[PDB]
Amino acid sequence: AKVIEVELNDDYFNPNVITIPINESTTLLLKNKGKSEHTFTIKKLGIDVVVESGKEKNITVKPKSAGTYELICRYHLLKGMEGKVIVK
């Protein structure tokens, strides 16, 4: 239903606020354009994906509950590598 590219950079997400539709499928193209390994982790949406430097992971999600969900990189959270996903 929706396709969204998300860049994983050293050390931030772009975009770092992502809005996706409730009860519909969204494909996320997770592209690591950084030199470091990064993750795209949203525990409350059941997502936890590692993306190596220069590589890509493509996932399709279908969230059932409206809300705002914290997105983190497990490796660089403390450096501010964080964002959110709004399901609406």
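Here the rigid core means the biggest group of C-alpha atoms that line up within 1.5 Å when the two forms are laid on top of each other. Residue positions are given as counts along the sequence shown, with the first one as 1.
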After a rigid core fit, does 60-68 or 75-83 show more C-alpha displacement in 4 other deposited structures of this protein?
75-83
Higher-scoring stretch by recorded Cα B factor average, 78-86 or 1-9
1-9
Record-listed C-alpha B factor of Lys57: chain third:
lowest
Lowest, middle or highest third - CA B-factor, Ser65
highest
Quick check on the deposited entry: does the C-alpha B-factor of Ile22 sit in the lowest, middle or highest third of its chain?
highest
Sorting the chain's modelled residues by C-alpha B-factor and splitting them into thirds places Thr39 in the lowest
